[PDB]
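Encoded as structure tokens, the structure appears first; notes follow it.
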Amino acid sequence: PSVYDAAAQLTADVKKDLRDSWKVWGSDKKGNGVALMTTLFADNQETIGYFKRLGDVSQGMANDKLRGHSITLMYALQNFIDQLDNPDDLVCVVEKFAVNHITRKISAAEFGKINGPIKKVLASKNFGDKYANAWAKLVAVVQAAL
Amino acid sequence: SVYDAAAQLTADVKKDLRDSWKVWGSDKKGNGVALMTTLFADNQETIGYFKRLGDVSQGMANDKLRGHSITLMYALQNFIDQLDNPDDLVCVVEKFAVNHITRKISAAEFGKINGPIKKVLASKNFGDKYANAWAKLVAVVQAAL
Ligand code: HEM
Ligand code: HEM
Ligand SMILES: [Xe]
Ligand SMILES: [Xe]
Ligand SMILES: [Xe]
Ligand SMILES: [Xe]
């Protein structure tokens with residue numbers, strides 16, 4: 001299967017659930033981006049070494065490099081959400097960010113580690129399993145490129 | 001100083017940035033690709049840096065260029081959204097500065113984007129006042145390079 005295949009398979013219902021949840025947990029990109037990363041490092045401590053450029057990622061909001069990273073990650077997600085209705089456009093931005101991760105030797109399975117943290121941050125805003133599953137389908141579009 | 005450069009974004013400059021972005025940022029694919037092709041056409045000595053993207057003369061038809069160009073416009077979106085808070089603007093500017101330092105882009109070469117910005121804004125009826133505002137934002141990145 002192709003990335004385009006994965007992008008084309010996102011249905012109206014999945015896109016609605018992505019948009020509805022993103023309206024909330026994408027609204028505070030600094031706060032929720034840093035929370036997402038902090039949750040990744042709490043539950044997947046084996047990934048911390050990949051992020052050495054950011055310095056001490058336990059410093060959370062106080063760490064300027066972590067904050068800048070985290071905000072920018074949330075604009076990658078903003079970009080994806082805004083491209084949902086045009087698979088051509090979604091694929092080309094997914095492929096861009098996939099290259100960012102391939103050059104860091106991040107596998108499809110490793111990228112998929114983000115689903116745990118997304119599920120938790122969603123649940124902190126009372127978006128439950130249906131929303132986590134929708135986000136896993138979007139994550140899987142990136143995995144198709146990895 | 002990146003912090004001193006950020007301090008140049010006064011109330012009037014922030015307003016001009018926001019007012020012009022409401023138009024410029026409303027079509028990120030079309031306007032992003034137009035900005036890039038203007039850069040390449042008018043500054044051909046920069047094209048070599050973009051080798052990953054392949055044949056950039058293909059413009060919109062080049063998938064890698066399209067993905068790059070959309071994403072660039074979300075960097076600008078990010079900057080606009082940080083204008084309220086100099087500390088946050090600086091940390092995202094520094095992030096993107098690192099991206100350009102790895103590509104061996106200097107402050108002077110980054111500043112080559114100002115001609116293209118002036119041109120594409122003028123075509124949308126945002127003139128020198130708006131170009132100058134965007135130049136002040138570009139200068140924040142330049143200070144970090
Ligand atoms: C929702 C999921 C994710 C998104 C949207 C995302 C997005 C990003 C973005 C936008 C960057 C900056 C790229 C650059 O400037 O070169 C980045 C960097 C990075 N990402 Fe992710 N990422 C995600 C998940 C992950 C996961 C789960 C891992 C690892 C297991 C990972 C590892 C990395 C690494 C190592 C970097 C480089 C950090 C640095 O040195 O600047 N990413 N990511
Ligand atoms: C408004 C001004 C600009 C902004 C906001 C901007 C933004 C970006 C962004 C967001 C990326 C992706 C970074 C990554 O994923 O590693 C990037 C890549 C790049 N930028 Fe810029 N950029 C600007 C101007 C310039 C200029 C003027 C030059 C060169 C003279 C330049 C050279 C590059 C290069 C060579 C890449 C890497 C392309 C690739 O191989 O993927 N940038 N830029
Ligand atoms: Xe990504
Ligand atoms: Xe994603
Ligand atoms: Xe930038
Ligand atoms: Xe900029």
Side-chain angles (χ1 to χ4, degrees), chain A residues 2-4 7 22 26-34 37 51-55 57 59-104 141-142 145, chain B residues 2-3 6 21 25-33 36 50-56 58-103 140-141 144:
Chain A
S2 71
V3 184
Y4 182 84
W22 185 245
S27 67
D28 178 7
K29 288 182 167 57
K30 161 166 84 165
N32 293 333
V34 170
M37 294 301 305
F51 290 93
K52 58 167 187 277
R53 186 191 77 77
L54 306 185
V57 296
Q59 292 316 293
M61 195 60 66
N63 177 335
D64 50 309
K65 286 172 174 157
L66 178 60
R67 203 165 64 250
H69 165 84
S70 296
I71 294 165
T72 298
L73 181 144
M74 295 292 278
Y75 281 99
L77 298 182
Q78 182 70 53
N79 184 350
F80 296 163
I81 294 293
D82 289 344
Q83 308 324 318
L84 287 171
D85 284 341
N86 188 325
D88 295 312
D89 291 346
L90 182 61
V91 169
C92 73
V93 298
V94 164
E95 284 184 310
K96 187 269 182 303
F97 288 110
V99 166
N100 288 137
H101 289 86
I102 291 158
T103 61
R104 268 71 163 237
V141 182
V142 186
Chain B
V2 73
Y3 291 91
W21 185 245
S26 72
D27 178 8
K28 290 184 166 63
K29 171 169 74 184
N31 289 344
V33 170
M36 291 293 98
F50 293 90
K51 173 207 309 312
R52 184 187 80 76
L53 305 186
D55 181 0
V56 296
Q58 291 177 183
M60 185 68 68
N62 181 328
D63 288 340
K64 285 183 177 83
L65 180 56
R66 205 167 61 252
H68 164 83
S69 296
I70 295 164
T71 298
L72 181 143
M73 295 293 281
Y74 281 97
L76 298 183
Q77 181 68 55
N78 183 349
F79 296 159
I80 293 298
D81 289 341
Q82 306 323 315
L83 289 172
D84 283 335
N85 186 309
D87 291 319
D88 293 337
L89 178 64
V90 168
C91 77
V92 298
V93 162
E94 286 281 345
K95 188 270 182 305
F96 289 116
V98 165
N99 289 144
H100 287 85
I101 292 157
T102 64
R103 274 51 167 254
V140 186
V141 184

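No hydrogens, no waters, no symmetry mates; every other heavy atom, side chains included, goes into these values. Per chain, numbering begins at 1; letters A, B, ... match sequence-line order.
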Give, for atom OH of A:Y75 and atom CG of B:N78, the distance between the pair rounded to the nearest 0.5 Å. 5.0 Å
For the atom pair CZ (B:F50) and CE (B:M36), what is the distance rounded to the nearest 0.5 Å? 5.5 Å
Test item: B:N62 side-chain N/O and B:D55 main-chain N/O as donor-acceptor pair under 3.5 Å: yes
If you count heavy-atom pairs within less than 4.5 Å of chain A, which of B:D63, B:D88, B:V92 leads? B:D88
Between B:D81, B:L89, B:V93, who has the most heavy-atom pairs with chain A when the cutoff is under 4.5 Å? B:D81
Which residue in the set A:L66, A:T72, A:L73 passes side-chain contact (heavy atoms from CB on, under 4.5 Å) when paired with A:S70? A:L66
Given a strict heavy-atom distance threshold of 4.5 Å, which part of [X] is in contact with chain A: side chain, backbone, both, or neither?
X	answer
B:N85	side chain
B:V90	neither
B:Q77	both

With the side chain counted from C-beta on, respond yes when A:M74 and A:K30 share a heavy-atom pair under 4.5 Å apart, and no when they do not. no
Check whether A:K65 gets within reach of chain B through its side chain, its backbone, both or neither, counting any heavy atom under 4.5 Å. neither
